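A single chain, nothing else alongside it, follows as structure tokens in the form deposited without this ligand.
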């Protein structure tokens, strides 16, 4: 149907906007702490601690399959990156601190992304 195509075009355009958001957020992680999944070879107990691991590469795979239907879903995954790190790692660590800085800086980007998603529809 033509209605299905129109919904598909909206999903495609959201995907474009989320790709630009994702790029901007990942620039706020210049150390690349959150670039890839925590390795279970290197942190074998990780899944005993963290039930839903997340990282920027995993988000990018989902994004490229047009797997985020709305901004809320995308934000959920970004918050997992931050929140998982702040649980597993202590306050005095470079990891925790990186997460706090990513959260604070990413907040700015996400605030305007929400306006754009609502604005453009």
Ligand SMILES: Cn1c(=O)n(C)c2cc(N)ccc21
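Residue numbers count along the first chain shown, from 1.
There is another form of the same protein, the form solved in complex with this ligand; it is not shown, and what comes next is about it.
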Close approach of residue 58 to this ligand in the deposited complex, 4.5 Å, heavy atom:
no
Taking heavy atoms only, is residue 89 within 4.5 angstroms of this ligand in the deposited complex?
yes
Answer for residue 48 alone: is it within 4.5 Å of this ligand in the deposited complex, judged on heavy atom distances?
no
Please determine whether residue 34 contacts this ligand in the deposited complex, using a 4.5 Å cut-off between heavy atoms.
yes
So in the deposited complex, are 42, 85 and 95 all sitting within 4.5 Å of this ligand, heavy atoms only?
yes
